[PDB]
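A single structure is presented below for examination.
Chain lettering (A, B, C, D and E) follows the sequence in which the chains are written, and residue indices restart at 1 in each chain.
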């Protein structure tokens, strides 16, 4: 059922997230090629986990932020986005808005951690 | 002291969990064999961490759930389990009850995250 | 800007932690040497993450403890440490105090988790 | 604007086109068969399928890197199987040959050479006379002759205990990747298709290598399909996939003998000779009525592409080397070159004479040659012609072509595509820390 | 065809080498620089 949700709308698909998130980990020339494939799978996995860590979303399939949507990214109604789009269609719709969002998420989490230390410091 | 707790009862052994959890990470044919061993150790480590993440137990050696014990798994008294059994004996006692529990834990965590988003959405 | 903060004081440098923490992950003889380099980078990354997990600092760039500073480690004023030292100078100042601190952090987290289970058990 | 915040979702079911390494997988079931000794972890008999209800994905078989991988993997496996076992450098000697005429039909009169020569077993300067029959195509005149490849390449003996008999191989995705496929009938092999489903492992494909005719593999769902990269461009091959097989029966009706010659300290050379009984020409029979009906179906479909008001014909290919001009296959362990002029002769049983070679320059390279040891007894095999590789030169003319090994896999891998899973993204919503 | 400072630098060196294991050697000659060739004419 790995891509079973691919044709589902975003608000319907985001219930199967466990499956898609889970099935990522599953002596001459072929030996080295197989290792390269295994090392790569691990590296890709860790990069995604590190970003969730940085953004303050570690341990969650869905996480809230404190960074607002900036409109120019997309001006669609949220009911249009969640009910009339699949995640694949959506990714295409905003395929050009990547680090423009990620950098903001990183900045936000760093400020939040500083604020928390300043309060625990009191 | 890595397996020092192996002969201890479950309620006694679960104080050394740090040691057992910690000591998991520690150019021809031997070169490739050694890499295969290292890659495997990493892959095994990550699978366990991913499950703890999925079940909502990330970052903990011991974590509570919201899934009840279902009796048929074992009908022993909890005082019998924690004081008259070692973890090895226990694992053998319920060796046939694995994904029967894990799937429930996965379902529970997903429902909990949805509920949390719906509340933060308010 | 990876080591841009190297000449900054500790209280100034600890704002760029995201960058230093983030840029850690970035068919014959060279094939095997390159894999060894990649496997090693992953192993080093995971060891640091495991310690943060063990100490109860997972997911944070900065984390508070419940273990006091023990004086013999350093008798400098905190204003001297945070404003008149860089992290590199500081690391040299206390380069001989490593597991002497880490073991305490491990013990503390284990006690805290036991206490939490005993309360959730109620 | 609505005060919606950026919410991050992990486990998002999306993907991008990608190129990675796919792994070999097989059945649980051949002891010295290179495809079986390649381990090829057994597949799970249960397909995932996971029909994707609203997915309309874009394919391009002419750019399918899965074909490129299969080509590379086949060559690599082939080459490594030749590292052990006997090298035949010592055969590059002067041969003294006669015409082998004591038990022949006349059509075979010029095909065999007797070829006596001096070779040793010890570094004793003690050579012995050895004779072996050779096929004419492997021997070139300098009465004195030499083997054809001793002028340009090393000759390696195929190791007699190793089989290359095709076993269907499934390709499986590595973690983080998935294979998508079209289920549509009457699909171009290119462009978008609905009814896309997922694949962990592809159906098994036998790595059959041939020229001109496509053998075994699989059949089209309803009607013969004609696929091409550039149909109006006469520089391209046209791949025609039949919707029903044409049965072809081939044989080498000669009871032969394998002669073991000591060539070195633990090394053996396999010579051939002393054929028992009449010497006859190798051939294929092709059922005639089926072939004619099959062309009629092909012609109808060619007309849909080229006009239903024209006339086309089939010609007996073109000039060039046997690797190009004849049909090629190796059933039974020996390499056959057959004359398809008996098939591609029309305007809109068939016995095809065949020749056999022992010294093979595998298509993929030069500088090396393989020597196929003789097979003891006789050879018979039956196969399914499942398609054609055609080129085109009012009326129009078609000819058998191909010769590029990749066309034999491209014709099967037109349904599968490899994508990378990228399960992370964002969307605006109601979700505030 | 030499200048005198090059007079001792080159050797003509004829030898027997083959192309087939035919015990059929052919004469080949090559010039060599003196530094690559050592006396056992």
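One rule holds for everything that comes next: contacts are C-beta pairs under 8 Å (C-beta built on N, C-alpha and C of every residue); 3 or more make two chains touch, one makes a residue touch a chain.
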Any chain that touches subunit E and subunit D: none
Taking all protein C-alpha atoms shown, work out their mean, then name the chain whose own C-alpha mean is nearest to it. D
Could you pull out the chain whose C-alpha mean position is farthest off from that of subunit A? E
Note: of the two pairs A-D and B-C, more contacts are counted for A-D
Using mean CA coordinates as chain centres, what's the subunit C-subunit E distance in Å? 71
Averaging only over C-alpha atoms, locate the centres of subunit B and subunit C and give their separation in whole Å. 25
Multi-chain contact residues (two or more partners), subunit E: none
If a residue has to touch 2 or more other chains to count, which residues of subunit A qualify? 17-18, 21-22, 25, 29, 32-33, 35-36, 38-39, 42, 45, 58-62, 64
Pairs of chains, among all present, that meet the touch criterion: A-B, A-C, A-D, B-C, B-D, D-E
Partner subunit C, residues of subunit B touching it in the complex: 15, 17-18, 21-22, 25, 27, 31-32, 35, 38-39, 42, 45, 58-62, 64
Would you pull the subunit D residues touching subunit A in the complex into a rising list? 1-15, 20-21, 23, 48, 50, 52-55, 76, 80, 174-176, 178, 198, 421, 423-433
Mind pulling up the subunit B residues that touch subunit A in the complex? 29, 32-33, 35-36, 39, 42-43, 46-47, 50, 53-54, 56, 58-59, 106, 109-110, 113-114, 117, 120
Subunit D-touching residues of subunit A, taken from the complex the two chains share: 1-8, 10, 13-14, 16-26, 28-29, 33-34, 36-38, 40-41, 44-45, 48, 51-52, 55, 57, 60-69, 71, 73-74, 78, 81-82, 86-88, 90-91, 94, 101, 104-105
In the complex, go through subunit E and note every residue touching subunit D. 20-22, 24
